[PDB]
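One chain comes next, on its own, written out as structure tokens in the form deposited in one PDB entry.
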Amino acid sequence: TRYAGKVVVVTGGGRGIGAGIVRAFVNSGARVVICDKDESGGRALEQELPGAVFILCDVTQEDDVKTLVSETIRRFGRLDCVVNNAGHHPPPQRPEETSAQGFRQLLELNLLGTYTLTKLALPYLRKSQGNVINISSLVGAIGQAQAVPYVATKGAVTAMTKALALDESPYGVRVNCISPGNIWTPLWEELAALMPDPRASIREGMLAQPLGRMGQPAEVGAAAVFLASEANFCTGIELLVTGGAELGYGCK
């Protein structure tokens, strides 16, 4: 009952971190709208969790997002929290292998999709004194190799979170982001599968953290519920969920 009576939209909530965030909010008492461009995971999640419903939505399509917000209000009558989790990490790419075209397409998902849903949701979040939670990445803050477009998109998300927090503070709407490090998700597994030695890639990813393991979607989910339900004096913060990967010296 930490977030009972509240309505939450989670983009990319069909699998991975997003699904962990969906489950955490449902466990907190909220009703959750699962937004995803793929039907498979989200539809099954809606059958599994009472209180969660699935709405097909590609956050890069402005009309999809308009319909997502209006359907959320029509079906549930309020909107308290938007979790902008939809995003993608391309396979490793040397800077000379990247293109302005691919960069624009990644900006469209990782940054403008977050911008568009937030914009459409804010009138309702103002009515509810709701809040926005953006899922950025640690590599937005510290960089990463062979990921220039991805890193740039998460740098923008983290900075945009702070700008929006300033604009919305007079209306009592908080805007925060979570920066996960290595979290074991289908995306991580897919990316590891492309490497010459997948098992070696995964063990390298585990040892990137002083804790010696990757994180779980449920741990990102707990951080999100905290920001929504108990962080009333937090706005514009970047909550690190990284297992300490940013600490100390390492083999670079």
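Think of the rigid core as the biggest set of C-alphas that the two forms share within 1.5 Å after superposition. In this text, residue numbers run from 1 along the sequence as written.
Keep in mind that the form deposited in another entry is missing from the display, and what follows is about it.
Residue shifts between this form and the one not shown, rigid core superposed: of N27, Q61, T67, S201, the only C-alpha displaced by 2 Å or more belongs to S201. A displacement of less than 2 angstroms separates the C-alpha positions of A218 between this form and the one not shown, with the rigid core held in common. For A192, a C-alpha deviation of 2 angstroms or more is recorded between this form and the one not shown after rigid-core alignment.
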